[PDB]
């Protein structure tokens, strides 16, 4: 039933007695459900150290991964180029998923095509799909560039992208001069970040390899900035804002911040902003190239060092106080621009905020996950705040990365109770937050199911999620946030301290029980 002036959606409609009784009868009649006491028994067992030990012995089964596949990163990278259509050679199912995944995070259109390879291509390969696909895409969507990646069926079948694209031009499906950079992006190697690196390096090679004879390092007096896989608009914006404030000439190579934030003014804009083809062609003339997320830009780095001859600096992601300082000092050195009064003041404002909030942050224990550079910068900043990052999980991390994070942990007293996990998933993390309970999780929307599980054990066992990462689907507009630089550090500090104080308010809201500590001032 419904009352018209107070209509109920699923929650709380299905809590009405008639629905409750109906669902009980469905269960008892037809579902042959395990008895509740058995369900409670198994639940309790899944929270134990014994179960954790079995869980960590898994070799074949993955449960609740914290990574995605290569072509998703290739698509994000390609979106950062002016009037560029991302184009994934292979199966169309993949592209529906890539678009939807980004649609849900940015709450924006995400444009990408497939060339719709089917079972028949296993006989004859995907060449005709490539010819018709490029022609059709160019005519229909009027991109100035098509950036090609692959799905896993194209990889297994073994289609030669380079030959297919060259043949498309040779036979007149598209003009010879029309830019079609490409990268092989096998889903069974690495993760979405590897796809980003592969795509970027393919675009860099397209515009520069054959034309290196006339390049002179430093002749354009700019610094190239490569952001990597980046899903916060504020991260692209803050880097450009800091370099501009410093009077540093720069080129941001892959910049989707406009195309991922078009205004609602009565027209749809399929393309907006983006790195120009001229910026990529001219990039070897820069002073140097800085990689914002070096732990997933290894292939890019080899190309930039081997072909452009840039002395890429050994910089961590610019997250937290020390690493933002180091990034600005290196940019000052390369550019010969002094760090301006404006950034020195911003820095001291962040430090002010650290002094103001340190008492509530001190010793707070966190579980966290994400991509390698993001995770290591979050760890570093947590140590700067006097917090303990006790469970650090990077599903798509490697041994060399883990060693690097372990060195950062060993240099701080706040790192003494921390462990770094690689190749482990959120079903592994779930055990750890039961057996060695932290105060909070910092993670993406998949964390909400771990919070749900912890509450089921009891309110005193609940570990609240703080949403920083990718994807965030169950809150609106958090993709507008910043996590880099002083601004990002200010935003993260504010989020953490206020999460702590929200939870303390909750625990002290009980009239004549816990509200002796429900302070007006904190």
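Numbering follows the first chain given and starts at 1.
Peer 1: In the PDB record, does 246-254 or 95-103 carry the higher mean Cα temperature factor?
Peer 2: In the deposited entry, the stretch with the higher C-alpha B-factor mean is 246-254.
Peer 1: Would you determine, from the values in the PDB entry, which of 31-39 and 466-474 has the greater average C-alpha temperature factor?
Peer 2: Higher of the two, by average CA B-factor, is 31-39.
Peer 1: Whose CA atom has the top B-factor in the entry, of 354, 212, 450, 317?
Peer 2: The listed residue with the largest C-alpha B-factor is 212.
Peer 1: Can you tell me which of 361, 161, 147, 225 has the maximum CA B-factor listed in the PDB entry?
Peer 2: Top of the list by C-alpha B-factor: 161.
Peer 1: How does the C-alpha B factor of residue 124 compare with the rest of the chain: lowest, middle or highest third?
Peer 2: Highest third.
Peer 1: What third of the chain does residue 501 rank in for C-alpha temperature factor, lowest, middle or highest?
Peer 2: For residue 501, the deposited C-alpha B-factor lands in the lowest third.
Peer 1: Considering only modelled residues of the same chain, in which third does the CA B-factor of residue 49 rank: lowest, middle or highest?
Peer 2: It falls in the top third of the chain.
Peer 1: Is residue 208 in the lowest, middle or highest third of its chain when residues are ranked by C-alpha B-factor?
Peer 2: Its C-alpha B-factor, which the entry lists for residue 208, ranks in the highest third among residues of this chain.
Peer 1: For the chain shown, is the CA B-factor of residue 295 in the lowest, middle or highest third of its modelled residues?
Peer 2: Within its chain, residue 295 is a middle-third residue by C-alpha B-factor, going by the deposited values.
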